[PDB]
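First the proteins, then the strands, lettered A, B, ... as listed; each starts at 1. Both backbone and side-chain heavy atoms feed into the values below; hydrogens, waters and symmetry mates do not. Both counts, for ligands and for their atoms, begin at 1 and track the order of listing.
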Amino acid sequence: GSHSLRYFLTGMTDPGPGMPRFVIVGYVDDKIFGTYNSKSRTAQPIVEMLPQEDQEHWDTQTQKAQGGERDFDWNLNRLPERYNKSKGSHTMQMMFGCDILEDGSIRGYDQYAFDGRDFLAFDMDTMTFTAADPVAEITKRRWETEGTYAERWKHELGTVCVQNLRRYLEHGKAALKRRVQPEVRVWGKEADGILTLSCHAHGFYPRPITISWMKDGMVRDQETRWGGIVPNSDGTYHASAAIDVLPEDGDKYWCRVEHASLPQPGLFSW
Amino acid sequence: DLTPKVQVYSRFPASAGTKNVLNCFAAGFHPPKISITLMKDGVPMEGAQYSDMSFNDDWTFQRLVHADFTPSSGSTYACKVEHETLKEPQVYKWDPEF
Amino acid sequence: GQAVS
Ligand SMILES: *C(=O)CCCCCCCCCCCCC
Ligand SMILES: [Cl-]
Ligand SMILES: [Cl-]
Ligand SMILES: [Mg+2]
Ligand code: NA
């Protein structure tokens, strides 16, 4: 019965035409609750999840996100030269947040990447840093010697994140609890004398799902390919599995789909 | 290996002449700059929208592009992806499954 | 966080 809050921060030297150079996406469990970007310069809730938000709270989120924008711009102007890299474009990333476990205990997370590679991590429980390489080590030693970062982020992860997680869970409880059954389609195309049975589960929420193929009532994983779980724009998800089958055996296979919206797992055929 | 991994799929199970949403999801790539273009018979679809740039636990980037459309049995739909790791644009054809 | 040096 645990819950999670995560922030995904990206700064970019070359985001693409018309693209913000700095973006924040925030998630509560597997649901986007709000975003920030350097073009609008405003942090805004996803009103479908959070329909009655007070401006005070998002004034606060905006300010804090704008500070993150300045720091990422600061880093992107200094780190490429410190790494002696000739790369054209550069990226800076950070993911941080907290978990509240079922028994009420707390976990904090705080990790950075530069050009898509581990850079620095902070462990709130020990209040210690980990550098990914000797260049990041210089930052680690500076941060820990000044002492201020550990205190700020122990408070941020262990107190502020937890408070906001509880707020978002309450404010967005209708959205978070509303289950959406998948619509399952099973298809078959016959190429080169073999039949590909594909199973597609459309538009489910929440995110966890399993899809298995069976023959004569016995699961068959060795010949199965899974497409993975991918997003729809409305907060639901999509997932798929395929298996290759002799066309003469096409009626003997069953797709098994298990989802929290289904009291019992669903069995589907071609 | 940091090339985009691309899936094309409709929001709802597809049925000719019934309104739907076409999705093109690219993931696993770096750097984040990417062109993703939904197309009907080689013509960009109108009203397409893209997700705010985000990334996976392994730091690789991800982007979903979607557009409302009404699948025609007479038409070919596809997603054109253009990225620094690719020397030429990659066109991913939607399998309609109907 | 600024990655000072
Ligand atoms: C240096 O490490 C920069 C730290 C940046 C922290 C910014 C956190 C912003 C939180 C609110 C985001 C609201 C939008 C989802
Ligand atoms: Cl059908
Ligand atoms: Cl049937
Ligand atoms: Mg149309
Ligand atoms: Na079906």
Side-chain angles (χ1 to χ4, degrees), chain A residues 5-11 20 22-28 31-38 40-47 49-50 53 57-76 78-79 92-98 108-114 119-122 129 136 139-140 142-143 146 148-150 152-153 155-157 160-161 163-165 167-168 172 182-188 197-202 211 240 250 253-255 257 266-270, chain B residues 10 12-16 18 52-54 96-98, chain C residues 1-4:
Chain A
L5 173 65
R6 297 285 189 283
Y7 298 91
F8 286 71
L9 290 73
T10 303
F22 176 82
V23 175
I24 310 188
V25 185
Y27 305 73
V28 171
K31 183 171 282 318
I32 300 163
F33 75 86
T35 66
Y36 176 93
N37 72 73
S38 49
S40 67
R41 288 188 60 75
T42 309
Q44 310 187 124
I46 300 298
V47 304
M49 183 187 154
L50 302 168
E53 293 297 286
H57 178 81
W58 293 91
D59 284 356
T60 300
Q61 304 322 293
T62 291
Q63 286 276 80
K64 181 179 322 197
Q66 287 184 359
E69 185 184 331
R70 297 193 281 289
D71 294 350
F72 270 46
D73 170 75
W74 194 101
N75 290 333
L76 287 167
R78 270 104 178 157
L79 282 175
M92 183 89 215
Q93 296 160 276
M94 177 204 198
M95 46 190 177
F96 74 89
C98 58
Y109 310 95
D110 181 357
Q111 280 204 247
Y112 299 85
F114 172 59
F119 179 70
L120 210 45
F122 169 70
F129 298 90
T139 297
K140 170 179 172 286
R142 290 272 289 127
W143 282 11
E146 312 216 346
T148 48
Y149 184 101
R152 150 181 182 168
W153 282 91
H155 176 79
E156 199 67 42
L157 302 176
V160 177
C161 273
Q163 275 153 33
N164 281 336
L165 180 43
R167 181 212 164 86
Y168 301 137
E183 314 183 83
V184 177
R185 167 80 54 87
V186 172
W187 194 237
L197 294 182
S198 75
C199 184
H200 277 265
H202 292 250
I211 303 166
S240 57
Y253 288 76
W254 273 2
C255 191
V257 177
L267 281 299
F268 307 88
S269 69
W270 156 232
Chain B
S10 53
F12 303 108
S15 198
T18 299
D52 302 276
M53 184 57 53
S54 190
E97 277 196 34
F98 72 77
Chain C
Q2 319 177 107
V4 304

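- Side chain of A:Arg6 to main chain of A:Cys98: a donor-acceptor pair is present (N/O by atom type, distance under 3.5 Å, no hydrogens or angles).
- Only the side chain of A:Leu9 comes within contact range of ligand 1, with a heavy atom under 4.0 Å; no backbone atom does.
- Using a 30° and 60° split on the angle between ring planes, A:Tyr7 and A:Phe96 fall in the parallel class, below 30°.
- A:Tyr168 meets the ring pair (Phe, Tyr, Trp, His ring centres under 6.0 Å) test with A:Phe33, A:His57; sequence neighbours excluded.
- With respect to atom 5 (C) of ligand 1, the closest heavy atom belonging to the protein is A:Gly68 CA, 3.6 Å.
- A:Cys199 pairs with A:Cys255 as a disulfide, the SG atoms being under 2.5 Å apart.
- When only non-hydrogen protein atoms are considered, atom 11 (C) of ligand 1 lies nearest to A:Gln61 OE1, 3.7 Å.
- Among all protein heavy atoms, the one lying closest to atom 1 (C) of ligand 1 is C:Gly1 N, 1.4 Å.
- Regarding atom 7 (C) of ligand 1, its nearest protein heavy-atom neighbour is A:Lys64 O, 3.7 Å.
- Heavy-atom proximity to A:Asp71, at under 4.0 Å, picks out these atoms of ligand 1: 1 (C), 3 (C).
- In summary, the atoms of ligand 1 found under 4.0 Å from a heavy atom of A:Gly34, numbered by their order in the structure, are 15 (C).
- Counting atoms of ligand 1 from 1 in the listed order, those under 4.0 Å from a heavy atom of A:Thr35 are 14 (C), 15 (C).
- Under the 30°/60° scheme for interplanar angles, the aromatic rings of A:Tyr149 and A:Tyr112 are found to be tilted.
- For the pair A:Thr62 (side chain) and A:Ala43 (backbone), a donor-acceptor distance under 3.5 Å is present.
- Residue-level proximity to ligand 1 for A:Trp153 is carried by the side chain, the only part with a heavy atom below 4.0 angstrom.
- Between A:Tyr112 and ligand 1, an N or O atom pair is found at a separation short of 3.5 Å.
- A distance-only check finds a donor-acceptor pair linking the side chain of A:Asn75 to the backbone of C:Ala3 [under 3.5 Å].
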